[PDB]
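Only one chain comes next, encoded as structure tokens, the form deposited in one PDB entry.
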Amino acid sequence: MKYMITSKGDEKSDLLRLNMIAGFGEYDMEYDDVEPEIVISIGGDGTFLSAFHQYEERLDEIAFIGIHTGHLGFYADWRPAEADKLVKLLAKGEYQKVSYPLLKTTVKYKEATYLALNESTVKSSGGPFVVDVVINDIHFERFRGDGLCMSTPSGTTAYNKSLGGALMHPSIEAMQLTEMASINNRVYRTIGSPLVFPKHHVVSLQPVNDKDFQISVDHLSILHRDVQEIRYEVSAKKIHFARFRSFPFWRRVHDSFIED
């Protein structure tokens, strides 16, 4: 199986990458960073996020595996000390594929579409942020505040969590919208609560005054001008993970937030 290895780029990760490549050379495994079938990310979640976006055009033909040489490393399944065992199991091909839902963001001015593994957020390009929130064509609320965050299930443990959102098991095909510092008084009103949307539900954001927004997709933050609308929906595309052992989402959550 063709494979490639991304590295955090520090001494630890680069060296681990070289040793794994050496180990793969001992098997019938070809290194290909153009059309790999397996992508190994060595680092933290930032590194993993980069790996995903590097191959967001071949998500259907790739299974990802993360090795934790970072700090938290939520998307990682392996410790550096287990790298050799990983090489072996990957060789023998003893693994099952697991899929997590992704978030599709469409920005219309022309249209640009982005794919997110964690979340997509919107803020003002400086100045007051005000947007009408439209759900399946029904006007739901006019949001005034710092911004909004739309999260995938696996992303609910990231930015979403910090914003008071619920943690959502990845087997649920959904997206979750959370508020950033909503204004609520006699005249201005938002739902307040995070909202969880099923697949096939469309959430659209529509400018009220200012049409310039800072839009983020995972680690990438882009300024969009003359925006007509931002549209969120659960992507038809899924990220696939290669699992060689049981590591339940809730245990992953426990280890990352309660105690490791």
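Under this definition, the rigid core comprises the largest set of C-alpha atoms superposing within 1.5 Å between the forms. Numbers for residues come from their place in the sequence shown, where the first is 1.
**Q** Considering only other entries where residues before and after it are modelled, is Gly70 without coordinates in at least a third?
**A** Counting only entries that model residues on both sides, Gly70 is unresolved in at least a third of them.
**Q** Can you count the deposited residues that have no coordinates between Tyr109 and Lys110 and report it as none, 1 to 3, 4 to 9, or 10 or more?
**A** In the deposited sequence, 4 to 9 residues between these two have no coordinates.
**Q** Of 134-142 and 73-81, which one has the bigger average CA B-factor?
**A** Mean CA B-factor is higher for 73-81.
**Q** For the C-alpha atoms alone, is the average B factor greater in 181-189 or in 123-131, going by the entry?
**A** Mean CA B-factor is higher for 123-131.
**Q** Say you rank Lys161, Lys88, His169, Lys104 by Cα B-factor from the PDB entry; which sits at the top?
**A** Within the set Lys161, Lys88, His169, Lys104, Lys88 shows the top C-alpha B-factor.
**Q** Which of these, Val227, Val196, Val234, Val203, has its C-alpha atom at the highest B-factor, as the entry lists it?
**A** Highest C-alpha B-factor among the listed options: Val227.
**Q** Place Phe247 in the lowest, middle or highest third of its chain's C-alpha B-factors, as listed in the PDB entry.
**A** Its C-alpha B-factor belongs to the highest third of this chain's values.
**Q** Going by the entry, which third of its chain does the Cα temperature factor of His254 land in?
**A** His254: CA B-factor falls in the lowest third of its chain.
Same protein, other form: the form deposited in another entry, not shown, and the subject of what follows.
**Q** Given a core-based superposition, decide whether the C-alpha of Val187 shifts by 2 Å or more between this form and the one not shown.
**A** After core superposition, the C-alpha of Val187 moves 2 Å or more between this form and the one not shown.
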